[PDB]
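>>> I would like to see how this sequence folds:
(one chain, ligands or ions: 2)
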Amino acid sequence: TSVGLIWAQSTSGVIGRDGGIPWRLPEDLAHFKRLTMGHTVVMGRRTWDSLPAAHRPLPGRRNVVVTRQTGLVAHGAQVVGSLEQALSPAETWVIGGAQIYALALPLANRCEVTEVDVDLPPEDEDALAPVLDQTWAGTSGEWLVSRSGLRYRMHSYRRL
Ligand SMILES: NC(=O)c1ccc[n+]([C@@H]2O[C@H](COP(=O)([O-])OP(=O)(O)OC[C@H]3O[C@@H](n4cnc5c(N)ncnc54)[C@H](OP(=O)(O)O)[C@@H]3O)[C@@H](O)[C@H]2O)c1
Ligand SMILES: Nc1nc(N)c(OCCCOc2ccccc2CCC(=O)O)c(-c2ccc(C(F)(F)F)cc2)n1
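Numbering: from 1, shown residues only. Ligands and ions are numbered 1, 2, ... in the order given. What follows is the structure:
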């Protein structure tokens with residue numbers, strides 16, 4: 001019933017580039033697994049096809065893919081034709097990408113953001129993070145240092 005968006009972004013707001021994610025941050029993958037394990041995860045079809053083969057479907061989670069197609073070549077998803085169909089019938093996580101974040105933003109009650117301090121000026125075809133309006137209240141964790149050297153931190157928003 002509760003609908004959460006979860007994403008990682010560069011400070012500049014990039015979430016996706018060239019059909020993938022333009023940084024590596026192991027600590028964020030662990031965070032993403034902890035928050036989503038045992039829950040339904042909803043994603044757009046491009047994100048489904050973007051998963052490396054070892055990670056598709058996401059293990060231990062019910063994988064729901066939003067698409068206008070009849071069905072998919074890549075196995076392991078339950079396909080739906082709309083976000084509403086994905087959401088009904090306690091925690092449903094929308095895990096990307098930009099198109100599916102835009103669809104889910106009006107419905108969500110939580111956002112869990114990882115900010116990665118990697119210098120990625122936006123390029124012409126990048127997917128960008130959604131912008132949160134005045135209906136959201138947020139708290140931010142401290143800056144952390146990855147074993148890879150990148151700084152990162154988590155922001156958590158709840159609908160007012
Ligand atoms: N940094 C992060 O946290 C994060 C997370 C996830 C993904 N990403 C990145 O985000 C990028 C992909 O995002 P994206 O915005 O291009 O794609 P997306 O949101 O993953 O998927 C778009 C697809 O969803 C389907 N769709 C969209 N709106 C729909 C609607 N109203 N009804 C039914 N189906 C609908 C369509 O599938 P069909 O074409 O099959 O009809 C469409 O092509 C990649 O670079 C990925 O690596 C980043
Ligand atoms: N905070 C956060 N919220 C997300 N919605 C998210 O995306 C989830 C869809 C992609 O999931 C992948 C993609 C590739 C490899 C593995 C997975 C998930 C595997 C699993 O969970 O068992 C991410 C995030 C960021 C970077 C990477 C990276 F590894 F590509 F760098 C992965 C995920 N991070």
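>>> gap between the closest residue to residue 4 other than its chain neighbours and ligand 2?
With sequence-adjacent residues excluded and distances taken as CB to CB, 6 or more residues apart in numbering, residue 4 is closest to residue 110, at 4.0 Å. Yep, even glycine has a C-beta here, placed from its N, CA and C like the rest. Taking CB to the nearest ligand atom, to the nearest Å as the measure, residue 110 and ligand 2 are separated by 13 Å.
>>> again with residue 95
Relative to ligand 2, residue 95 is positioned 4 Å away (criterion: CB to the nearest ligand atom).
>>> do the same with residue 69
As for residue 69, its distance to ligand 2 is 19 Å (criterion: CB to the nearest ligand atom).
>>> separation between the residue nearest to residue 4 and residue 28?
Between residue 110 and residue 28 the computed distance is 17 Å (CB to CB, to the nearest Å).
>>> Settle it for me: which of those two has more neighbours?
Legend: neighbour count by other CB atoms under 10 Å for residue 110 and residue 28, higher for residue 28 (21 against 17).
>>> Run a quick neighbour tally on residue 90.
When counting by other CB under 10 Å, one arrives at 6 neighbours for residue 90.
>>> Show the contacting residues for it.
When contacts are counted by CB atoms under 8 Å, 6 or more residues apart in numbering, residue 90 touches 1, 2.
>>> and the protein, which residues reach ligand 2?
Residues of the chain lying close to ligand 2 (CB under 6 Å from any ligand atom) are 6-8, 21, 24, 28-29, 32-33, 47, 51-52, 55, 58-59, 95-96, 114.
>>> Can you give me the neighbour number for residue 153?
By other CB under 10 Å, the residues close to residue 153 number 14.
>>> got it, and residue 5?
Under the neighbour criterion other CB under 10 Å, residue 5 is assigned a count of 24.
>>> and it, that's in a strand?
Yes: when the secondary structure is assigned by DSSP: H, G, I helix; E, B strand; the rest coil, residue 5 falls within a strand.
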